[PDB]
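Asker:
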Amino acid sequence: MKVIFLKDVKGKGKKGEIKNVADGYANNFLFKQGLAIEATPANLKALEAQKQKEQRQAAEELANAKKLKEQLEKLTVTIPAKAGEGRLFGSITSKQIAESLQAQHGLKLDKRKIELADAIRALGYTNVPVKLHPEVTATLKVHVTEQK
Amino acid sequence: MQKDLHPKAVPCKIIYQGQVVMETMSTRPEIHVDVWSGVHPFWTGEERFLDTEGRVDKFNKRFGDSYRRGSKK
RNA sequence: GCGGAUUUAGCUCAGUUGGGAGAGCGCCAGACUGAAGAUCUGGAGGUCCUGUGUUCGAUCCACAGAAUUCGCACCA
RNA sequence: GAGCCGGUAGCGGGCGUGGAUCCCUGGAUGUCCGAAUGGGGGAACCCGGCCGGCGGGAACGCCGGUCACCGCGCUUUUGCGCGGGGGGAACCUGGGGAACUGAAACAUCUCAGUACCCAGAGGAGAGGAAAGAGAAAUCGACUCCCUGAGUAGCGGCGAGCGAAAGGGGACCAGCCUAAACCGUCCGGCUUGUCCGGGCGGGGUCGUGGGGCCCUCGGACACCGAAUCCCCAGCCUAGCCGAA
RNA sequence: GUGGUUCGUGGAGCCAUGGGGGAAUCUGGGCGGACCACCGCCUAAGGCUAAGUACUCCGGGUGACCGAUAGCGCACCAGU
RNA sequence: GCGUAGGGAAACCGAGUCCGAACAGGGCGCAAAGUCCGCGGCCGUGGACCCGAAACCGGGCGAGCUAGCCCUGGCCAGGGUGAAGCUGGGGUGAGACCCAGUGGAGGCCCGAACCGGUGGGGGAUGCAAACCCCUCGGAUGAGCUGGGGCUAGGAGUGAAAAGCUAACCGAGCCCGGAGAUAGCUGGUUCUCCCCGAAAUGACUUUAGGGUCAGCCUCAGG
RNA sequence: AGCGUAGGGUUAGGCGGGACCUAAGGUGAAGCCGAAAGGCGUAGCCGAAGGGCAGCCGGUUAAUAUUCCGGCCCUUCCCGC
RNA sequence: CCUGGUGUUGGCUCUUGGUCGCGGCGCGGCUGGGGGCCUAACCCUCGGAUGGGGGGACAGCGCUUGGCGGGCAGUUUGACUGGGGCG
RNA sequence: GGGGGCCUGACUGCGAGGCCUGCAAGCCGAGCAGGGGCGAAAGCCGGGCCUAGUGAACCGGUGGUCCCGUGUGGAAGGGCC
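Structure, rendered in structure tokens:
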């Protein structure tokens with residue numbers, strides 16, 4: 001039985017799970033129900049088509065987390081707020098993160114990313130391992146300052 | 001004609017007849033019966049060109065049913 | 001005659017570690033009885049189907065014949 | 001080419017060479033039944049919508065025409081426009097399909113795939129360019145006649161049944177489409193690359209078709225029809241016609 | 001498990017199929033009579049195709065064919 | 001296509017061959033050669049010397065036959081017998097229960113039409129393919145019935161003998177297999193010449209058939 | 001002569017059948033099952049001295065008659081008001 | 001008519017048997033028996049609609065197995081024989 | 001016909017030539033060859049003293065052949081013993 005999956009087999013995993021459900025068995029109860037279909041070359045193309053589409057959405061987004069990547073890991077990270085002699090009066094959040102560099106420096110980037118224990122403040126040079134792409138990120142430099 | 005398949009015929013003929021073998025494995029065989037009977041499948045419900053339901057049997061049924069060569073479901 | 005089932009004491013049968021030949025009996029006897037029966041005691045019961053072979057050693061393992069029994073194979 | 005109102009010869013009356021009787025072919029009527037079909041029904045009868053004159057409607061209102069069964073395609077829209085079905089002596093294939101009787105019984109066998117019934121095509125259907133035949137590396141459509149052959153062979157090896165290639169002959173004759181490969185699109189999913197159906201490519205005769213790259217190459221090859229008059233044959237009477 | 005075939009169960013194939021499994025797209029896939037090697041043939045699982053053979057209701061022709069109890073039974077107000 | 005060699009299961013050999021390992025026999029060699037045709041006595045397939053039955057098998061044909069069953073009407077002149085009941089009276093508590101009145105059932109009795117058809121009479125080329133005469137049973141009932149229909153003939157129906165199914169159903173009737181087979185039965189034609197039979201023996205699901213012999217006849221040596 | 005030839009005879013708004021109704025049963029669009037022919041079969045329809053429906057008495061010919069005469073009794077449809 | 005395997009006759013779990021391999025037990029592939037509501041076929045159900053309800057892997061029903069089986073169908077059941085038979 | 005000695009011809013290939021005979025059967029048999037046994041040897045031996053102890057042909061088993069083998073190599077299968 002060329003069972004073209006679409007969810008379960010234990011659950012739902014509609015991921016390349018062809019399983020000899022068997023004759024009318026798997027035939028009637030599984031898809032009569034509506035949960036995938038049979039070989040049908042059309043599909044046996046359908047699965048590979050969209051597994052290839054998925055293949056563009058990953059390596060691409062790979063090429064999208066590799067462009068900002070290098071361009072990003074080279075230049076600075078300047079944000080001179082106010083302060084006294086250490088620390089700022091309103092710490093420094095990766096929230097104030099985005100806002101700046103973006104608008105200013107330019108390219109849009111998240112604010113859930115960047116690996117921040119808390120709201121620094123120590124102004125000046127203090128790098129921040131910023132999680133950009135799932136496997137590859139950006140431990141960039143950050144030089145703040147109380148422009149006074 | 002209302003006892004066939006739609007997706008092909010298969011009804012009729014059937015020249016049965018039993019005997020009492022006992023050959024090649026020694027000596028020779030014999031004869032008897034002289035009857036004639038039927039022999040066929042079964043039918044399920046479908047539909048085409050505004051309702052119709054269909055019928056035809058297994059085999060075939062497993063087919064067109066899956067697909068449909070003149071009307072689907 | 002194609003196949004399966006088995007073979008030891010008078011009868012019916014156990015017997016697998018390859019080394020003791022065993023049980024029951026029913027049968028015989030003793031005890032008991034007025035006797036016999038019933039009970040208790042005891043005893044016997046040998047071509048382990050035959051032959052040959054294997055083995056230090058054969059009821060047991062190997063090789064033909066057999067017999068009994070059941071099913072089947074029947075167009076000389 | 002000059003007689004006629006049929007077989008009726010009879011009474012009573014009449015058409016005709018300013019081409020009657022009749023011979024031809026194409027006509028218009030074709031009452032009621034019958035597949036019947038508008039509806040019903042014991043056939044040859046009795047009943048209904050639309051149009052219809054308007055008709056005696058003497059100062060009072062009808063037949064005629066019509067129309068329409070149902071299964072078939074499908075311009076689907078509310079479906080408008082095409083085919084069928086009923087026949088038919090014999091012959092045709094399919095669908096189904098038997099005892100007698102022979103075997104000097106009779107269960108195998110035979111009569112047979114006959115007789116019959118059913119469906120359906122035609123004027124002929126049947127069949128028909130080969131996953132064929134056989135073995136000389138030989139043959140080639142199908143069919144039919146002779147022959148092969150009462151042979152090879154089937155079998156209570158009994159009664160019987162009993163092929164074919166090859167050779168001779170009649171005839172000849174070849175073609176298509178799914179056949180997703182290409183492009184065209186139309187409709188969907190839901191945008192891609194899926195299935196879909198109309199247009200061509202090709203649309204295979206004896207192994208090819210596409211798609212790519214260079215040689216191409218630049219008019220006689222008509223089929224089962226399609227067509228024109230042609231001799232259109234016949235279609236009944238055509239008409240001379242030696243003494 | 002039946003068919004047809006000369007094949008009546010047979011050493012018994014090809015083609016056709018009643019039920020059940022359910023391959024390949026040219027070194028593919030049947031075939032040449034169980035099967036197997038090698039050789040040889042063919043390319044299926046859609047379709048159309050006049051002509052060559054069969055049959056007389058019809059019309060004609062012809063008769064070592066008849067003559068009214070023969071011929072079709074029925075030669076003429078007969079399938080009555 | 002028969003003859004031109006054949007011999008053999010065959011391979012195959014071949015005027016020789018198969019058995020075999022032996023010159024012992026079987027088949028044949030030895031040409032005598034046919035072959036086609038015509039005309040005949042015959043033999044096989046044929047319906048095939050001619051008519052003859054009971055039956056089997058196919059497709060139709062019928063409940064205005066009759067047996068049923070469904071639907072729907074009609075029909076049983078008179079009379080007789082007298083159960084449930086209800087009314088009243090009756091010794092006990094009520095009653096059982098008795099009696100008397102009324103009352104009117106029952107596949108009930110006596111009997112017409114109507115349904116039938118034992119028991120005798122006639123009739124026997126009848127009046128008639130079941131009828132006439134005298135006689136008899138049933139006579140509100142598994143009652144008789146008209147009209148409408150349903151079933152069906154290897155199948156129906158059947159208060160059931162194998163009955164009835166268009167006047168003889170032990171499996172209807174018509175057309176078809178078909179002119180079934182038919183050791184049995186008959187039937188089997190103009191003259192004349194010639195000779196002249198058997199009625200036994202052997203084997204038969206064979207004995208009143210027929211194979212082979214024995215006895216006939218014609219052609220040549 | 002209930003035999004031959006010839007001529008002639010039976011008339012209905014109200015009698016019967018239809019122009020109304022259904023049971024059996026038969027048909028039968030749909031629906032259901034057959035190798036084919038076919039089987040069944042809803043609703044609707046067919047189906048009768050069962051249901052329903054508006055008259056009777058006398059006269060009058062060679063024959064008819066509740067129809068023809070006449071005297072008496074009615075019904076349904078239509079148009080008008 | 002009864003009957004094994006097979007089919008459109010789908011899920012979930014409870015289990016014992018064989019087997020060969022690595023009296024045994026541990027495992028392992030193999031495969032056999034079986035017990036369960038379910039349930040999406042199937043069928044039936046209906047009860048006022050197409051939804052519900054009930055059975056449910058049944059069974060209907062198809063294919064092969066085997067069995068009963070005079071209900072029916074078709075044949076048969078010798079000769080002799082100083083009559084047919086019995087003998 | 002009664003014992004004892006070794007011995008098995010209780011043979012293959014064949015049989016001239018007859019008995020009985022419609023059929024098929026049935027039955028006999030010198031002698032020829034290969035190969036033995038018994039006897040010195042001349043010879044006898046192809047079961048019995050006989051005449052009953054029986055069966056067609058097909059339907060098959062099996063030990064031998066290496067005859068056929070359905071395109072050739074073979075085998076299923078078949079023919080012959």
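Chains BI and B4 supply the protein sequences, listed in that same order.
All the letters of the first sequence, read from the start, carry residue numbers 1 to 86, 88 to 149 under the deposited numbering.
All the letters of the second sequence, read from the start, carry residue numbers 1 to 73 under the deposited numbering.
Note that beta-carbon positions come from the ideal geometry of N, C-alpha and C, so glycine has one too.
1) Closest to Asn43 (chain BI) by CA distance: which of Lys2 (chain BI), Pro80 (chain BI) and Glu147 (chain BI) is it?
2) Looking at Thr94 (chain BI): is its Cβ nearer than 7 Å to the Cβ of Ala120 (chain BI)?
3) State yes or no: is the C-beta of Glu100 (chain BI) within less than 7 Å of the C-beta of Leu124 (chain BI)?
4) Using the DSSP secondary-structure output, state which residues sit across from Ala58 (chain BI) in a beta bridge.
5) Can you find at least 3 beta carbon pairs, one from the region 126–140 of chain BI and one from the region 27–43 of chain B4, that sit closer than 8 Å?
6) Which same chain residues end up closer than 7 Å to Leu108 (chain BI) when comparing Cβ atoms and leaving out the 5 residues on each side of it in sequence?
7) So what does DSSP say about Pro41 (chain BI), is it helix, strand or coil?
8) Three or more beta-carbon pairs under 8 Å between the region 13–30 of chain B4 and the region 134–146 of chain BI, yes or no?
9) Relative to the C-alpha of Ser71 (chain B4), which residue among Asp57 (chain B4), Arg62 (chain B4), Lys58 (chain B4) and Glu46 (chain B4) is closest?
10) Would you mind stating whether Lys132 (chain BI) and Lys112 (chain BI) have Cβ atoms separated by less than 7 Å?
Answerer: On the basis of the supplied data:
1) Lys2 (chain BI)
2) yes
3) no
4) BP columns for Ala58 (chain BI) are empty, so no partner.
5) no
6) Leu68
7) helix
8) no
9) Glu46 (chain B4)
10) no
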